[PDB]
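What follows is a single structure, written as structure tokens, with notes after it.
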Amino acid sequence: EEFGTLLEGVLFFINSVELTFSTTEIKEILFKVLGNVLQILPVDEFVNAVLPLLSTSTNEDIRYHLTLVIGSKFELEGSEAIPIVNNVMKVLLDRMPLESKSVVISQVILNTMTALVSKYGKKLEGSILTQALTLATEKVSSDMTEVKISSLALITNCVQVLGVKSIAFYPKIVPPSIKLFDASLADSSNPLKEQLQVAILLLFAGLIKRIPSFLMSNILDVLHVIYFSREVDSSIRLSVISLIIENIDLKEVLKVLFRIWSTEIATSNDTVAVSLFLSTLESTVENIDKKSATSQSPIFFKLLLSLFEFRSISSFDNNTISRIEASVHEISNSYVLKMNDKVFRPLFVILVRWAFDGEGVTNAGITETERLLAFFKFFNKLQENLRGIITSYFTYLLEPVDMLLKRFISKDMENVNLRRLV
Amino acid sequence: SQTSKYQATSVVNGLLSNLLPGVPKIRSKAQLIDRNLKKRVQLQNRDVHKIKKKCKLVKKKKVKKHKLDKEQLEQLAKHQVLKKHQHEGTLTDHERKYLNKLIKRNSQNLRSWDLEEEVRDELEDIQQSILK
């Protein structure tokens with residue numbers, strides 16, 4: 001009790017030195033005295049003394065200082081004190097409605113609880129973790145910036161600790177996460193709010209790592225959020241997308257990416273969003289291994305055609321559109337390397353139909369001449385890569401080409417680049 | 001406050017480091033796309049295991065130093081408490097076994113200097129011949 005009273009007095013002095021003087025040397029001396037007092041007493045005795053001290057200290061600053069002292073005691077990593085740390089976390093959860101009155105106190109308590117949960121891992125029982133996840137959902141509903149960020153971090157830690165137990169509350173929390181991401185996209189009041197959106201993205205990545213099945217179920221929402229989060233780091237978004245690529249199936253991920261690109265990325269004129277979609281498609285193509293039956297050639301073909309149409313109708317520069325088209329050609333590469341002739345020949349017929357007739361075009365605004373030029377470049381690259389039976393496909397493609405050569409002879413097509421490609 | 005915002009940013013940075021180690025903490029168009037591709041290549045080149053080991057080695061070294069200091073302080077306090085039990089005469093029955101073991105070890109170390117049983121008879125005979 002004497003040690004707890006001395007620690008409470010030192011914390012009150014450190015918290016109110018500025019208020020009493022209204023100083024840096026006094027604060028440094030108070031910090032040194034507090035460190036000496038912390039080193040003098042054991043962590044279990046300090047926790048037992050500080051457990052009534054949080055209720056005794058009506059000051060929110062004193063409560064935050066006590067929480068910081070408890071965090072230092074936990075960062076000392078006492079293994080035997082972890083059940084005592086569990087009791088201290090229960091007391092902190094009890095004082096959390098009292099701590100919820102002050103935003104700073106609630107944020108400090110949530111950060112301390114998240115740090116304690118991260119240090120403990122799965123060593124202790126997860127009922128307190130589920131209660132902390134419910135309190136984090138309540139704090140997210142309260143929707144303060146720092147409080148919501150700490151709530152997202154604590155919810156991610158609790159989900160990582162629980163695993164299967166958190167999978168029950170996971171579908172109830174994911175559309176709130178999408179709503180929070182939409183609200184963060186709508187309102188950009190603070191860089192703290194931007195960091196809260198980044199923490200929401202990190203929580204989505206943690207949920208993807210924890211539950212691959214739920215991540216595959218809601219992959220389209222996760223990809224849409226990653227594309228919309230332009231303020232977030234592009235490298236971190238690419239790493240999250242790659243991690244989702246191991247967690248999710250390649251063909252289903254490609255189908256969801258094609259749907260998301262048709263819905264939003266083709267609609268959006270953002271060069272950063274287009275580059276993110278292209279990088280995601282390239283990562284999916286690179287991670288696509290084995291799979292002799294690709295099981296969706298028309299999806300990739302329509303994606304390439306829509307990419308060409310979006311490069312044609314985009315507000316982006318012509319050089320950037322050409323670079324994106326080269327990236328799309330590199331993505332369409334290795335599909336020829338995946339060699340199933342009984343599958344490739346209908347695919348080649350559909351490609352020739354899209355080149356000449358343009359049947360099933362994603363956008364009717366795309367020129368037939370430009371589509372033929374892009375398909376001629378792709379066919380030349382594929383022929384250079386493969387040959388062999390490409391000449392057999394060239395025999396079938398020559399009959400439209402002979403009409404194209406007749407059009408070239410009649411100078412119907414004035415594209416010198418297309419003539420050189422042919 | 002500003003301190004609370006900094007704490008929230010540090011919590012977000014720690015969560016990002018835990019999820020993807022080796023990533024920096026948060027504080028033309030074709031060129032930007034090429035930079036994104038190069039960032040993906042750099043993320044592929046960097047190893048999460050390597051950065052995790054590079055941080056966990058320093059963390060474990062600091063934790064081991066703190067634990068060694070705490071264990072040394074606890075051992076010194078236990079030795080002082082045992083000494084002041086011995087001075088008061090109220091040493092426990094579970095206590096003073098360490099005192100007896102230390103006494104036995106010091107007795108063995110001292111008696112190792114003295115002699116051997118076999119050489120004792122020869123030394124006695126030679127000493128009797130020298131002294132007589």
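Here the Cβ positions follow ideal geometry from the backbone for every residue, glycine too, while neighbour counts run over all protein chains shown. Every number here is computed from the coordinates shown, using simple stated rules; none is lab data.
As an exercise: evaluate residue A:139 against (1) within 18 Å of residue A:112 (Cα to Cα); (2) in contact with a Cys (Cβ under 9 Å, 6 or more places away or on another chain) and give the number of the one condition it does not meet.
(2)
Which numbered condition trips up residue B:25, out of (1) surrounded by 15 or more Cβ atoms within 10 Å (Cβ to Cβ); (2) more than 8 Å from every other protein chain (Cβ to nearest Cβ); (3) of a type outside the set (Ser, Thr, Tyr); (4) not in a helix (DSSP H, G or I)?
(1)
For the stretch B:67-99, which residues satisfy the criterion of being part of a helix (DSSP H, G or I) and loosely packed, with under 11 Cβ neighbours inside 10 Å?
Filtering the stretch B:67-99 for residues part of a helix (DSSP H, G or I) gives B:67-88, B:97-99.
Once the filter is applied, which keeps residues that are part of a helix (DSSP H, G or I) and loosely packed, with under 11 Cβ neighbours inside 10 Å, the stretch B:67-99 yields B:68, B:71, B:72, B:75, B:76, B:77, B:80, B:87, B:88.
Where residues in the stretch A:276-291 are out of contact with any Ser or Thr (no Cβ under 8 Å at 6 or more places or on another chain) and polar (S, T, N, Q), which of them is farthest from the other protein chains (Cβ to nearest Cβ)?
Out of the qualifying residues, it is A:284.
Give me the pairs: first residue in the stretch A:344-369 and charged (D, E, K, R), second residue part of a helix (DSSP H, G or I), beta-carbon distance under 6 Å, and six or more apart or on different chains, which are they?
Qualifying pairs under 6 Å: A:359/A:353.
Would you check if residue A:300 is more than 21 Å from residue B:41 (Cβ to Cβ), surrounded by 17 or more Cβ atoms within 10 Å (Cβ to Cβ) and within 14 Å of another protein chain (Cβ to nearest Cβ)?
no
List, please: which pairs have Cβ atoms under 7 Å, are six or more places apart or on different chains, and start with a residue in the stretch A:150-174 that is away from chain B (no Cβ under 12 Å) and end with one that is outside any helix (DSSP H, G or I)?
Matching pairs, first to second residue: A:161/A:121; A:161/A:122; A:161/A:126; A:162/A:126; A:165/A:126; A:167/A:211; A:170/A:211; A:174/A:218.
Output yes when any residue across the stretch A:125-141 is under 29 Å from the mean Cα position of the chain (by Cα) and within 13 Å of chain B (Cβ to nearest Cβ), and no when none is.
For the stretch A:125-141, residues under 29 Å from the mean Cα position of the chain (by Cα) and within 13 Å of chain B (Cβ to nearest Cβ): present.
Restricting to helices (runs of 4 or more DSSP H) lying wholly in the stretch A:200-258: which have 3 or more residues that are at the interface with another protein chain (Cβ under 10 Å from one of its Cβ atoms) and β-branched (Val, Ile, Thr)?
On the way: elements: A:212-217, A:219-228, A:234-247.
Once the helices (runs of 4 or more DSSP H) in the stretch A:200-258 are filtered for at least 3 residues that are at the interface with another protein chain (Cβ under 10 Å from one of its Cβ atoms) and β-branched (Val, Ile, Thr), what remains is A:234-247.
For the stretch A:173-200: of the residues being in contact with a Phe, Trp or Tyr (Cβ under 8 Å, 6 or more places away or on another chain) and surrounded by 15 or more Cβ atoms within 10 Å (Cβ to Cβ), which is nearest to residue A:145 (Cα to Cα)?
Among those that are in contact with a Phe, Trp or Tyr (Cβ under 8 Å, 6 or more places away or on another chain) and surrounded by 15 or more Cβ atoms within 10 Å (Cβ to Cβ), it is A:197.
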